[PDB]
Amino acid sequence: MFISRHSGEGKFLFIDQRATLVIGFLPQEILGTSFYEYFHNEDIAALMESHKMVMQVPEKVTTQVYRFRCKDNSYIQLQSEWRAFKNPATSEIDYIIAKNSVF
């Protein structure tokens, strides 16, 4: 229910106009931080494995349902579809698109 985009390493580059209502953070508060700053302790290891897959394969990866820490330090449940796009001249990731469904 909201889109974000990230660097290859997970740094937030963009959140859409719907994100702040869901997660609390304004763009200026979250852009430039890693997605690893927000995952719940019990989900982060599995999410790192999803991120490793996204970096290696040029297909969509769907995460488990995980908990994401909002600005008020409570958690919401999300499920994300991630996909990375590589520059064909350098093999570096331009960005990862994230479709973040909210429960």
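Residue numbers here begin at 1 and follow the sequence given.
**Q** Once you work out the mean C-alpha B-factor for both 68-76 and 35-43 from the entry, which is higher?
**A** Per the deposited B-factors, the answer is 68-76.
**Q** Select lowest, middle or highest to describe the third in which the CA B-factor of residue 102 falls within its chain in this entry.
**A** Answer is middle: the recorded C-alpha B-factor places it there.
**Q** C-alpha B factor of residue 94, ranked within the chain: lowest, middle or highest third?
**A** Top third by C-alpha B-factor.
**Q** Using the B-factors in the PDB entry, rank residue 11's C-alpha atom against the chain and give the third, lowest, middle or highest.
**A** Ranked within chain, residue 11 CA B lands in the middle tercile.
**Q** Against its chain's modelled residues, does residue 86's Cα B factor rank lowest, middle or highest third?
**A** Its C-alpha B-factor belongs to the middle third of this chain's values.
**Q** Taking the chain's C-alpha temperature factors as the reference, tell me which third residue 52 falls into: lowest, middle or highest.
**A** Ranked within chain, residue 52 CA B lands in the middle tercile.
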